[PDB]
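**Q** Whatever this is, show me its structure:
(2 chains, ligands or ions: 2)
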Number of protein chains: 2
Amino acid sequence: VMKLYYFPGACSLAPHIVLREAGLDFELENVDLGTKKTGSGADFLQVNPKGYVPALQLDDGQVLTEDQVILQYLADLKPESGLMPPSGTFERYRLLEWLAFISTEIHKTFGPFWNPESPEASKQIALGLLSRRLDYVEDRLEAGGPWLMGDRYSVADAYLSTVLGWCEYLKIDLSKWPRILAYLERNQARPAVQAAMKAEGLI
Amino acid sequence: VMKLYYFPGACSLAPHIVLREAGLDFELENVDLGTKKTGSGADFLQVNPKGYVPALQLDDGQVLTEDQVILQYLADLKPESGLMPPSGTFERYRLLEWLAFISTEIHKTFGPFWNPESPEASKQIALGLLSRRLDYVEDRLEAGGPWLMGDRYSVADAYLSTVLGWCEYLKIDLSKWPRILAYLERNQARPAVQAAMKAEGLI
Ligand SMILES: N[C@@H](CCC(=O)N[C@@H](CS)C(=O)NCC(=O)O)C(=O)O
Ligand SMILES: N[C@@H](CCC(=O)N[C@@H](CS)C(=O)NCC(=O)O)C(=O)O
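**A** Numbers count the residues shown, from 1 in each chain, chains lettered A, B, ... in the order given. Ligands and ions are numbered 1, 2, ... in the order given. Sure, the structure comes next:
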């Protein structure tokens, strides 16, 4: 079957959730981001040269990387499941827009906080940016249905919620954005999110 | 017709190039990233709340944002032009992978260098990362055809080349990566890249 290379709590949790949401079959492979060795003790850089998670391995034995692409690939395995607007629809671009936005403007923003060697100057700048970005998300949430896409829960929601998960832990205060806070609890309350989190040990 | 909001030399140059490559019709709208006012003097934040370029405005009058999504949307207007593997093909995921990778691991990496207020600590870290990333790109170039996708020139190439354009200007030395250097000259020599650059004033 398919193999997901992940690190507990990492952005690889997003596709982990999606696999469950879509009801797909998969094995989890734990990766040590320190020594780029897998649980089995294999060399992870052989799997993903870029040397990060998530990495998805298909039966062809081919490997896919880049969280937001992996999420797309997974959703397309089960269009039946509607985790993504149908092909040819313009709504689909809106979702891609969200996945792109999340990827560059939010995921990457946490860079400094994850670097043992980052100035506080930069961690201060990151927060500032992170804050401007969350203002947008809060506005959009204020304008829209329960999920990023509105009424339809989609892959963007697993990505966005996973990533914002990191705040309580980096002790970043979200009080300022209540809708976002509600949104997060909304995501975490999903039985598939539960299942993945429990499976990853986050509970 | 379609309206592209850009800043000369910015990541908005990528879709600018693509519009020409695909032979699409469009008007350029210059944006002042300082005062978020357009050339016409309109309020750019009305166009893109997130307040960055590129932003693409369709006839529906709808607006699309996120460089790598815009590039996809443009390529799909003219599948005829092959700036992107066909739908349903797995090669297409490879391209998306490249667009994602470029977006997060390369475009965003230049963050510090564009911030009047960034420590040198962070600019040092950025280079380090940027360097690791370029090693990968060089390897892949060493393994592959002339373009990111090999023989097929695609939207990833307009994105990647546009972004690396910034080095000579931020005086970042690419000597270390000759293939990349060749690749850049390869991109810039394309009559459509020329045309966009001239049109943006970069020549
Ligand atoms: N753009 C990549 C970024 C991947 C990424 O930043 N992964 C983190 C986990 S949240 C990681 O494994 N970092 C460890 C490393 O880069 O060595 C993606 O979205 O897949
Ligand atoms: N993730 C966004 C990033 C856009 C971006 O960083 N644009 C830059 C130009 S290279 C910009 O207009 N920055 C000015 C600002 O953010 O105020 C995208 O790819 O479209």
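**Q** In chain A, what residue spans correspond to strands?
**A** For chain A, the strands defined by DSSP state E cover A:2-6, A:26-32, A:37-38, A:55-57, A:63-65.
**Q** so what does the longest one touch, helix or strand wise?
**A** I take that to be strand A:26-32. In terms of contacts (3 or more Cβ pairs under 8 Å, 6 or more residues apart in numbering or on different chains; DSSP states H and E), strand A:26-32 is packed against strand A:2-6, strand A:37-38. For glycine as for every other residue, the C-beta is placed from the backbone atoms N, C-alpha and C.
**Q** Is the shortest one positioned near ligand 1?
**A** No: for strand A:37-38 and ligand 1, the contact criterion (Cβ under 6 Å from any ligand atom) is not met; the two come no nearer than 12.6 Å.
**Q** List the contacts of that strand.
**A** A:5, A:29, A:30, A:31, A:32, A:43, A:44, A:47 (Cβ atoms under 8 Å, 6 or more residues apart in numbering or on different chains).
**Q** hmm, 6 Å instead?
**A** Strand A:37-38 is contacted by residues A:29, A:31, A:44 when judged by Cβ atoms under 6 Å, 6 or more residues apart in numbering or on different chains.
**Q** returning to that earlier point: same list as before, the strands of chain A that is, but in TSV and with mean neighbour count and distance to residue A:135 included.
**A** Shown next, in TSV, are the strands of chain A (neighbours: other Cβ atoms under 10 Å in any protein chain shown; distance: least, Cβ to Cβ, whole Å):
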stretch	mean neighbour count	distance to residue A:135
strand A:2-6	21	31
strand A:26-32	16	34
strand A:37-38	16	40
strand A:55-57	24	33
strand A:63-65	20	31
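**Q** For the nearest residue to residue A:79 once chain neighbours are set aside, grab the count of nearby residues.
**A** Excluding the flanking residues, the one nearest residue A:79 by Cβ to Cβ, 6 or more residues apart in numbering or on different chains is residue A:86, at 6.7 Å. Using other Cβ atoms under 10 Å in any protein chain shown, residue A:86 is surrounded by 9 other residues.
**Q** Next one: residue A:86 from residue B:115, what distance?
**A** 40 Å (Cβ to Cβ, to the nearest Å).
**Q** before we move on, back to that, so for ligand 2, which of the helices and strands packed on strand A:26-32 sits nearest?
**A** strand A:2-6 (24.7 Å; Cβ to the nearest ligand atom).
**Q** from the contacts of strand A:37-38, which is closest to ligand 1?
**A** residue A:31 (7.6 Å).
**Q** ok, the closest one - contacts?
**A** A:5, A:7, A:38, A:44, A:53.
**Q** any idea how far the third one is from residue A:4?
**A** Going back to what we said before, that points to residue A:38. Taken as Cβ to Cβ, the span from residue A:38 to residue A:4 is 11 Å.
**Q** OK, contacts around the residue sitting nearest the centre point of chain A?
**A** Nearest to the mean C-alpha position of chain A, by Cα atoms, centre = their mean, lies residue A:159 at 2.9 Å. By Cβ under 6 Å, 6+ apart, the contact list for residue A:159 reads A:14, A:102.
**Q** make it 8 Å
**A** By Cβ under 8 Å, 6+ apart, the residues touching residue A:159 are A:11, A:14, A:67, A:68, A:71, A:99, A:102, A:103, A:107.
**Q** on that earlier part again, let me have the contacts of residue A:31 in TSV, adding distance to ligand 2 as columns.
**A** Shown next, in TSV, are the contacts of residue A:31 (distance: Cβ to the nearest ligand atom, whole Å):
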residue	distance to ligand 2
A:5	26
A:7	24
A:38	32
A:44	28
A:53	22
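**Q** what's the burial count for residue A:114?
**A** 10.
**Q** Residue A:50 too?
**A** Using other Cβ under 10 Å: residue A:50 sits among 14 other residues.
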